[PDB]
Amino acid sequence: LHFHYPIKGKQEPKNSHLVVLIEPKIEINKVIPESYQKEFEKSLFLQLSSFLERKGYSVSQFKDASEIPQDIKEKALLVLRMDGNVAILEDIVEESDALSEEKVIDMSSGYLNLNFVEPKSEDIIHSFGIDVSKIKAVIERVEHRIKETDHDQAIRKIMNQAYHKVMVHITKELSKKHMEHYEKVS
């Protein structure tokens, strides 16, 4: 399990804009172990915090849009809420052709949405989606049939790629150019 994406920005200086970061709510389907869901949500929660601190923002963590005191509301630039799901489907066959061997795979479906919310009216001003589907892991190949991994290990291969891609897409959307534009439109 590698729910870590390294952050390579420089330490930017305090820009005095404060962002509210809500714990992401990512549903999973039954074949994914519960501990992975919490690992995944806990990693995105802290890693986006670091990343936002690293870019000059200060961060109020909450775990629900309920908590949020009218205090923090009156001050914060925006709230960042992530919701969605990841599911894993098992035992899909891809048949052989001239170049490729026949394979049994696991494969994801699912989607993650990140809302940009104004703290007072609670209006969503913008939504950014990451598609996390069609990430594949090979469990058997036919060369003699050969087992490559067990199921749990496919689940893991797939969650890591998914985590990664999410963190890559999100960190890229939250650039300075985008954020400063956000501020002005508001």
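Residue positions are given as counts along the sequence shown, with the first one as 1.
Counting only residues that lack coordinates, how big is the gap in the deposited sequence between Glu143 and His144? Pick none, 1 to 3, 4 to 9 or 10 or more. 10 or more residues are missing.
Tell me which stretch has the larger mean Cα B-factor in this entry, 103 to 111 or 77 to 85. Stretch with the greater average CA B-factor: 77 to 85.
According to the deposited model, is the average Cα temperature factor higher in 23 to 31 or in 59 to 67? Averaging CA B-factors over each stretch, the winner is 59 to 67.
Can you tell me which of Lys134, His126, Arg156, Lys120 has the maximum CA B-factor listed in the PDB entry? Going by the entry's C-alpha B-factors, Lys120 comes out highest.
Taking only the Cα B-factors deposited for this chain, tell me whether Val166 sits in the lowest, middle or highest third. CA B-factor rank for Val166: lowest third.
With respect to C-alpha B-factor, does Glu41 fall in the lowest, middle or highest third of the chain as deposited? CA B-factor rank for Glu41: middle third.
Chain-relative CA temperature factor third for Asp152: Within its chain, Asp152 is a middle-third residue by C-alpha B-factor, going by the deposited values.
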